[PDB]
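Taking it in order: structure first as structure tokens, then the write-up.
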RNA sequence: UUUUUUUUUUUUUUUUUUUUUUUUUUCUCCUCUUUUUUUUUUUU
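Residue numbers (PDB author numbering): 211 to 263, 276 to 280.
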């Protein structure tokens, strides 16, 4: 019963689609976007992703 | 004492041409474990 619910609450997209750069120019300048390097743990490497300014990406 | 006649190896040579490696399939796919990540230092 789960199966149909998880498979029909997934539709036909897997990842957020990207977008242009001038957006990122502005989003920086206006002050709503930080940007740094990104590393990963290695015991847990599918979950524990960090964004060195640390932002936990789950 | 046994004369005379019954052809034979197809004729021909003095014709133009402006293309080009290959060639045509097989789907989506659960990466297991002390961690933040250590870090100066000196002898190459």
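C-beta atoms are modelled at their ideal positions from N, C-alpha and C, and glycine is treated no differently.
- Boundaries for residue 244: no beta strand (DSSP E) harbours it, and the DSSP string shows neither H nor E there.
- Assignment of beta-bridge partners to residue 261 by DSSP yields 248 and 277.
- If you look at residue 217, you'll find it in the alpha helix (DSSP H) that goes 212–218.
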